[PDB]
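J.: Here you go, one structure.
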Amino acid sequence: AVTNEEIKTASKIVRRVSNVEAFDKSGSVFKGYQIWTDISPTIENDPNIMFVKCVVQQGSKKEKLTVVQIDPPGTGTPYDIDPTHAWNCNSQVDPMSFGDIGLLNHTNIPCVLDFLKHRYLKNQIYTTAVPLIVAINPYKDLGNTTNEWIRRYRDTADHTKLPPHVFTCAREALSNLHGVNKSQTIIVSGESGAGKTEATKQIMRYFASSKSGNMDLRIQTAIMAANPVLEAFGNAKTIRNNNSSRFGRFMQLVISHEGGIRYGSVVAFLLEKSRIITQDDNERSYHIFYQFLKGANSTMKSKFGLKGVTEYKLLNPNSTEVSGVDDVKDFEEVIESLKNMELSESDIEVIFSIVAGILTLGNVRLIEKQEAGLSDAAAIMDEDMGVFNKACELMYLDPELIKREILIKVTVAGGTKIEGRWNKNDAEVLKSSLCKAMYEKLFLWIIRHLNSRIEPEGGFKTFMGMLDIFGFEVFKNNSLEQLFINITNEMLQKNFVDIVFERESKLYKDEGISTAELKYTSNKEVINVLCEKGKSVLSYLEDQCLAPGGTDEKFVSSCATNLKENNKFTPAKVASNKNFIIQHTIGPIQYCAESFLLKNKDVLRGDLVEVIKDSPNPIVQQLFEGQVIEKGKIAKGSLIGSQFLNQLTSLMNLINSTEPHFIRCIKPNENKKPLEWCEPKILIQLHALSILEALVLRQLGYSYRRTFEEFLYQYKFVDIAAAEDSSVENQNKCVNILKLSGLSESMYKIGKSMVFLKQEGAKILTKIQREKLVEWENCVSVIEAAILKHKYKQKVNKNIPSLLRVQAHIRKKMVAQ
Amino acid sequence: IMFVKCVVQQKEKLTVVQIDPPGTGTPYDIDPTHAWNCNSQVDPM
Amino acid sequence: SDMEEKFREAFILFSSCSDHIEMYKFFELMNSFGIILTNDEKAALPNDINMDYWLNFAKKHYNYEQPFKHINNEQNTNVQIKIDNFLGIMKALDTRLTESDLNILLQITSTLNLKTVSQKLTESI
Ligand SMILES: Nc1ncnc2c1ncn2[C@@H]1O[C@H](COP(=O)(O)OP(=O)(O)O)[C@@H](O)[C@H]1O
Ligand code: VO4
Ligand SMILES: [Mg+2]
């Protein structure tokens, strides 16, 4: 099932491109020319179908063509339709005959949908569209991810013989990391449940596999054991995806030229703070909460006083169970993973003691009372008093100091300090903001504990980046959480479109190769209505928060008048005062602007921060490590949204400096079913990942864009006599390398500062390089061992006089007996 | 499964690679007695 | 006196006097003489490697007439590589050394050839 607004977007994106030539030279129809069409009752009666394969009847009509439905089978009734709804179709072409989408004769919307339809359903999810690679979510393991396949792509010589896969990319990324000595980055793109998190793991498992077994896997151990903990703590069950990433994951890894991760740095950002406190129906909280209140041992069930999964206010009691998920078995694996992260049993117990404390504090009921003089002044319940006292001793904090910052209103003006009392709703917020900060700082403390052991001393030089973000997510009700997620996705896209198209277009032109233009759709307008400083949905939110007399309703109005033009901002038809729509790359998304200012502000007070910093427990102190204790009005750098965008901004430039690689994950259906094709949902994703737009890049011809220097480092072994040749110039060096290896004048091209080469002759040079690489892989390894040999020999030679005393005293002992 | 769709690469022994269903992408050689002519341009519908 | 008495000496070093050497250290040991097997031959090797098997493998696979044949590449043999550019190939490819790299060049001595390196390594062994 797919929603009408999804259908709305899916319908609009289709467009007639290339004219149909289903007519013979004389003036009659061919022997049944087949064409795709959007007109047929099967398309009307079913959402999943947008186009049917119809064959033109042997009759006539050149002006208003006659057709019969063939795929799927129809009534066999000959119906007439307009040629504007006729798209050219390839019939002789086999979908499993080739990997690159750009190899089709007709590359129109339905022709690409079908080429991907027959690949997915025959269980070949990976399809290239160079530089891009399309991975459709199969929803079932095909075994193509196992160690056997890793080893194949790893030890296989010719890249040409190998079929499209996440490993094809993982190897070509690592082929440049060591080939030219440039930092590379892998980017998993796609909507909520497309397969980003899973694909990251596969490419991580690829780098984990080493050719030669002589490596220190102690660092590589914590790196891999972190992921099932990061999914327990950071991932939660949603209606869109049951393992939905509520945090953004970014890695930096130093991998060996044979394989295996030497060092790493997992840097996680923006954790869905609201998911801890409140969860929607059929939607579940972070896996670790349910894992710990199911799989905990009898000792932790009495020491912490653990209750059932339903008994907690911070946990949805009806959504408690997930299909195909055994939170007990996952917990077993989580505990061992914590051990592998060099955490002691004492360090692990405290991690769960804080989690037990968070859960317990949530259950405590704050009620109204006739105190302070202004009434409604909150009070901790008499029966829930012992519940609160146990929770504060579970999180290792002073139970009277935490009670004071939540119940007593501490406000300091100028010099004179003023004492009061917080109201019922206000104290519930202080209780909630405390649980939110304890969980987020703990989750990030595990990241810090990991990075403490896995990080390289003296940073990274030539590392491998990997970016697992939260994909586009649309629900019935979308809020600030959903706003920040969809912003991330649009940001990743802006930088994608720039690198892949805008930069490449300028590169070929500046080098003096192709003056031709690249046609593509950018989010330039929609990214600015959200991220352009001064004039954007994010900047107007910050202005409303920093302003004292600013409301949630005043914010919508602030956007509606300023961001009126450019279309990308459209205020809601229903309750415009509290709702607004954004024209995303996935279509229109409506956000209920309720609590937008409150959510953006939610970051724990300096008053409670001091209590957690003064803790008698070391782990509890280390949570708020070097944290600015702030009192009064919230600063622009303390505001969640402002703190989010600046973190995102910095991360993008870090990625722009490297050589990115794109993985475009497609979610075929919402029903979460294998071998189920839904043309609307897929088409939107074919646009939103710019798969159809990536076809224009065929025009370039050349599949190698590197400077004379970059060519001379990766390739010089072909003939080191003309490569090291100091007299001849570098422009003349590169061309002579191709002369010895032998090339036709069509494969290579001069270039101003760059060296342009078509993929056609690329592998021909790479294999000629490998023929001189292997004879030098062993030549290096023989001399390298012949010295390694004499290192032990010379070290032994100095110990010979000391051994001559052991033996002389042994001979002495043999004389006595 | 009794039969797989394969493809001759570059003879008394064929350099075939499994295409339907997708395989390891390994080019293996087999006897022509186990090679049956296949229609490719032909649509089943 | 001959290779037979020198092979045994080399095992007790790479094994660190162990009876059963680890597969990875056995490859260091063979290479230290001028022995490199094909992808197939390197799979034909036993699970647990011992002194008795090592010495049989030594006789069969070691080059005697020209101890280091594998160093010779005649396009790479006659050619002269600068000390700095040579270390460039070494530092990127390296699977062993750390600072013993400076000591290899001392075993040879600005522009060096592979026939010079092999000749000096024949006197090293
Ligand atoms: N390569 C794959 N093979 C099989 N199933 C997959 C694959 N990738 C993803 N899935 C399925 O998709 C679900 C969600 O995947 P995930 O990567 O966590 O998505 P997201 O990008 O939303 O975090 C998994 O639970 C699994 O069933
Ligand atoms: O479900 V997601 O991990 O794509 O947010
Ligand atoms: Mg993802």
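So you can find residues: chains in the structure tokens are A, B, ... in the order shown, residues in each start at 1, and ligands are numbered from 1 in order.
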Using only C-alpha atoms, I'd like a table of the residues in chain B that come within 9 Å of chain A; for each, show the closest atom pair and its distance in Å rounded to one decimal, ordered by chain and ascending number, as a tab-separated table.

T.:
```
residue	atom	partner	partner_atom	distance
B:7	CA	A:97	CA	8.8
B:17	CA	A:161	CA	8.9
B:19	CA	A:96	CA	6.2
B:20	CA	A:96	CA	6.9
B:21	CA	A:122	CA	6.5
B:22	CA	A:124	CA	6.5
B:23	CA	A:163	CA	8.7
B:24	CA	A:149	CA	7.7
B:25	CA	A:162	CA	5.5
B:26	CA	A:161	CA	7.3
B:27	CA	A:161	CA	7.8
B:40	CA	A:92	CA	6.2
B:41	CA	A:92	CA	3.5
B:42	CA	A:92	CA	6.6
B:43	CA	A:91	CA	7.0
B:45	CA	A:70	CA	6.0
```

J.: Tell me, counting only C-alpha atoms and all ligand atoms, for each residue of chain A within 7 Å of ligand 2, which pair of atoms is nearest and how far apart they are in Å to one decimal, in rows ordered by chain and increasing number, as JSON lines.

T.:
```
{"residue": "A:190", "atom": "CA", "partner": "ligand 2", "partner_atom_place_in_ligand_line": "4 (O)", "distance": 6.9}
{"residue": "A:191", "atom": "CA", "partner": "ligand 2", "partner_atom_place_in_ligand_line": "4 (O)", "distance": 5.3}
{"residue": "A:192", "atom": "CA", "partner": "ligand 2", "partner_atom_place_in_ligand_line": "4 (O)", "distance": 3.3}
{"residue": "A:193", "atom": "CA", "partner": "ligand 2", "partner_atom_place_in_ligand_line": "1 (O)", "distance": 4.8}
{"residue": "A:194", "atom": "CA", "partner": "ligand 2", "partner_atom_place_in_ligand_line": "4 (O)", "distance": 6.5}
{"residue": "A:196", "atom": "CA", "partner": "ligand 2", "partner_atom_place_in_ligand_line": "4 (O)", "distance": 6.6}
{"residue": "A:197", "atom": "CA", "partner": "ligand 2", "partner_atom_place_in_ligand_line": "3 (O)", "distance": 6.5}
{"residue": "A:240", "atom": "CA", "partner": "ligand 2", "partner_atom_place_in_ligand_line": "1 (O)", "distance": 6.8}
{"residue": "A:241", "atom": "CA", "partner": "ligand 2", "partner_atom_place_in_ligand_line": "1 (O)", "distance": 5.2}
{"residue": "A:243", "atom": "CA", "partner": "ligand 2", "partner_atom_place_in_ligand_line": "1 (O)", "distance": 6.5}
{"residue": "A:244", "atom": "CA", "partner": "ligand 2", "partner_atom_place_in_ligand_line": "1 (O)", "distance": 3.4}
{"residue": "A:245", "atom": "CA", "partner": "ligand 2", "partner_atom_place_in_ligand_line": "3 (O)", "distance": 3.5}
{"residue": "A:246", "atom": "CA", "partner": "ligand 2", "partner_atom_place_in_ligand_line": "5 (O)", "distance": 6.0}
{"residue": "A:469", "atom": "CA", "partner": "ligand 2", "partner_atom_place_in_ligand_line": "3 (O)", "distance": 6.6}
{"residue": "A:470", "atom": "CA", "partner": "ligand 2", "partner_atom_place_in_ligand_line": "5 (O)", "distance": 3.4}
{"residue": "A:471", "atom": "CA", "partner": "ligand 2", "partner_atom_place_in_ligand_line": "4 (O)", "distance": 3.5}
{"residue": "A:472", "atom": "CA", "partner": "ligand 2", "partner_atom_place_in_ligand_line": "4 (O)", "distance": 6.6}
{"residue": "A:473", "atom": "CA", "partner": "ligand 2", "partner_atom_place_in_ligand_line": "5 (O)", "distance": 6.6}
```

J.: Could you make a table, as a tab-separated table, of the residues of chain A that have an atom within 6 Å of an atom of chain C, each with its nearest atom pair and distance in Å to one decimal, counting only C-alpha atoms, in chain and number order?

T.:
```
residue	atom	partner	partner_atom	distance
A:779	CA	C:71	CA	5.1
A:782	CA	C:31	CA	4.8
A:785	CA	C:32	CA	4.6
A:786	CA	C:32	CA	4.1
```

J.: Do a neighbour search on residue 51 of chain C at 8 Å with only C-alpha atoms, toss out local chain neighbours closer than 4 positions, and write the hits as a ChimeraX atom specification.

T.: /C:8,11,19-20,55

J.: Would you return as a list in words the members of chain B that DSSP assigns to strand (DSSP E or B) on this structure's backbone?

T.: residues 5, 6, 7, 8, 14, 15, 16, 17, 18, 19, 20, 28, 29 and 30 of chain B

J.: Could those residues be written to a file, using N, CA and C atoms, as a CSV table (one decimal), in the first residue's frame?

T.:
```csv
chain,number,residue,atom,x,y,z
B,5,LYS,N,21.0,-20.3,-17.2
B,5,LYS,CA,21.4,-19.6,-18.4
B,5,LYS,C,22.8,-19.1,-18.2
B,6,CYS,N,23.7,-19.4,-19.2
B,6,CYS,CA,25.1,-19.1,-19.2
B,6,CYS,C,25.5,-18.3,-20.4
B,7,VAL,N,26.8,-17.9,-20.5
B,7,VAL,CA,27.3,-17.1,-21.7
B,7,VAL,C,28.7,-17.4,-22.0
B,8,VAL,N,29.0,-17.7,-23.3
B,8,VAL,CA,30.4,-17.9,-23.9
B,8,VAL,C,31.1,-16.6,-23.9
B,14,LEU,N,33.7,-24.3,-24.0
B,14,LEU,CA,33.1,-23.0,-23.8
B,14,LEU,C,33.4,-22.3,-22.5
B,15,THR,N,33.9,-21.0,-22.6
B,15,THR,CA,34.2,-20.1,-21.5
B,15,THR,C,32.9,-19.5,-21.0
B,16,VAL,N,32.1,-20.3,-20.3
B,16,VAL,CA,30.7,-19.8,-19.8
B,16,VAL,C,30.7,-19.3,-18.4
B,17,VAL,N,29.9,-18.3,-18.2
B,17,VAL,CA,29.7,-17.6,-16.9
B,17,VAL,C,28.2,-17.6,-16.6
B,18,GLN,N,27.7,-18.1,-15.4
B,18,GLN,CA,26.3,-18.2,-15.1
B,18,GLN,C,25.7,-16.8,-15.0
B,19,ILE,N,24.6,-16.6,-15.7
B,19,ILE,CA,23.9,-15.3,-15.7
B,19,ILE,C,22.5,-15.5,-15.0
B,20,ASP,N,21.7,-16.4,-15.4
B,20,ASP,CA,20.3,-16.6,-14.8
B,20,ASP,C,20.2,-18.0,-14.2
B,28,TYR,N,33.7,-20.5,-16.2
B,28,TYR,CA,34.0,-21.9,-16.2
B,28,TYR,C,33.9,-22.5,-17.5
B,29,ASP,N,34.6,-23.6,-17.8
B,29,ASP,CA,34.5,-24.3,-19.0
B,29,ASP,C,33.7,-25.6,-18.9
B,30,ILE,N,32.8,-25.9,-19.9
B,30,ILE,CA,32.0,-27.1,-20.0
B,30,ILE,C,31.9,-27.7,-21.4
```

J.: Neighbours of residue 267 of chain A within 9 Å (only C-alpha atoms; same-chain residues fewer than 4 positions away dropped), as a ChimeraX atom specification?

T.: /A:248-252,444,447-448,451

J.: Store the residues picked out above in a file with N, CA, C and O atoms, as a PDB file, in the first residue's frame.

T.:
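As a result, out.pdb now contains:
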```
ATOM      1  N   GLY A 248      23.163   9.654  13.418  1.00  0.00           N
ATOM      2  CA  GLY A 248      23.972   9.729  12.209  1.00  0.00           C
ATOM      3  C   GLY A 248      25.363   9.220  12.501  1.00  0.00           C
ATOM      4  O   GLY A 248      26.026   9.741  13.396  1.00  0.00           O
ATOM      5  N   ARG A 249      25.800   8.184  11.787  1.00  0.00           N
ATOM      6  CA  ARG A 249      27.098   7.543  11.978  1.00  0.00           C
ATOM      7  C   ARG A 249      28.126   7.955  10.930  1.00  0.00           C
ATOM      8  O   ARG A 249      27.861   7.868   9.730  1.00  0.00           O
ATOM      9  N   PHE A 250      29.311   8.376  11.387  1.00  0.00           N
ATOM     10  CA  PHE A 250      30.414   8.716  10.499  1.00  0.00           C
ATOM     11  C   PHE A 250      31.710   8.091  10.983  1.00  0.00           C
ATOM     12  O   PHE A 250      32.072   8.262  12.144  1.00  0.00           O
ATOM     13  N   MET A 251      32.425   7.399  10.084  1.00  0.00           N
ATOM     14  CA  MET A 251      33.683   6.726  10.408  1.00  0.00           C
ATOM     15  C   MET A 251      34.850   7.231   9.584  1.00  0.00           C
ATOM     16  O   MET A 251      34.668   7.839   8.531  1.00  0.00           O
ATOM     17  N   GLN A 252      36.050   6.979  10.087  1.00  0.00           N
ATOM     18  CA  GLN A 252      37.328   7.311   9.469  1.00  0.00           C
ATOM     19  C   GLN A 252      38.156   6.083   9.778  1.00  0.00           C
ATOM     20  O   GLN A 252      38.271   5.728  10.949  1.00  0.00           O
ATOM     21  N   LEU A 444      27.132   8.664  23.879  1.00  0.00           N
ATOM     22  CA  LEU A 444      28.346   9.305  23.382  1.00  0.00           C
ATOM     23  C   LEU A 444      29.593   9.005  24.222  1.00  0.00           C
ATOM     24  O   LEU A 444      30.708   9.173  23.717  1.00  0.00           O
ATOM     25  N   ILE A 447      31.056   5.838  22.723  1.00  0.00           N
ATOM     26  CA  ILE A 447      31.728   6.288  21.491  1.00  0.00           C
ATOM     27  C   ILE A 447      33.138   6.786  21.841  1.00  0.00           C
ATOM     28  O   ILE A 447      34.106   6.410  21.173  1.00  0.00           O
ATOM     29  N   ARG A 448      33.239   7.590  22.923  1.00  0.00           N
ATOM     30  CA  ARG A 448      34.492   8.136  23.445  1.00  0.00           C
ATOM     31  C   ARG A 448      35.381   7.027  23.995  1.00  0.00           C
ATOM     32  O   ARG A 448      36.582   7.033  23.725  1.00  0.00           O
ATOM     33  N   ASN A 451      36.638   5.219  20.835  1.00  0.00           N
ATOM     34  CA  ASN A 451      37.650   6.075  20.216  1.00  0.00           C
ATOM     35  C   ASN A 451      38.918   6.208  21.051  1.00  0.00           C
ATOM     36  O   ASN A 451      39.981   6.445  20.491  1.00  0.00           O
TER      37      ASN A 451
END
```

J.: Using only C-alpha atoms and all ligand atoms, which of the listed residues (A:165, A:211, A:687, A:151) sits closest to ligand 1?

T.: A:165

J.: When DSSP is applied to the backbone of this structure, which of chain C are assigned alpha helix (DSSP H)? Write them out as a ChimeraX atom specification.

T.: /C:3-14,23-31,51-61,83-93,101-106,114-124

J.: Could you tell me how far atom CA of residue 758 of chain A sits from atom CA of residue 704 of chain A, in Å to one decimal place?

T.: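 Here the two named atoms are 6.5 Å from each other.
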
J.: With only C-alpha atoms as the counted atoms, please give the residues lying no more than 12 Å from residue 569 of chain A, apart from itself and same-chain residues fewer than 3 positions off, as an NGL selection string.

T.: :A and (525-530 or 535-537 or 556-566 or 572 or 579-584 or 587-591)

J.: Just the residues within 8 Å of residue 734 of chain A, please, counting only C-alpha atoms, with nothing from its chain fewer than 4 positions along; format it as a list in words.

T.: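 Near neighbours after the sequence-gap exclusion: residues 708, 711, 712, 723, 730 and 738 of chain A.
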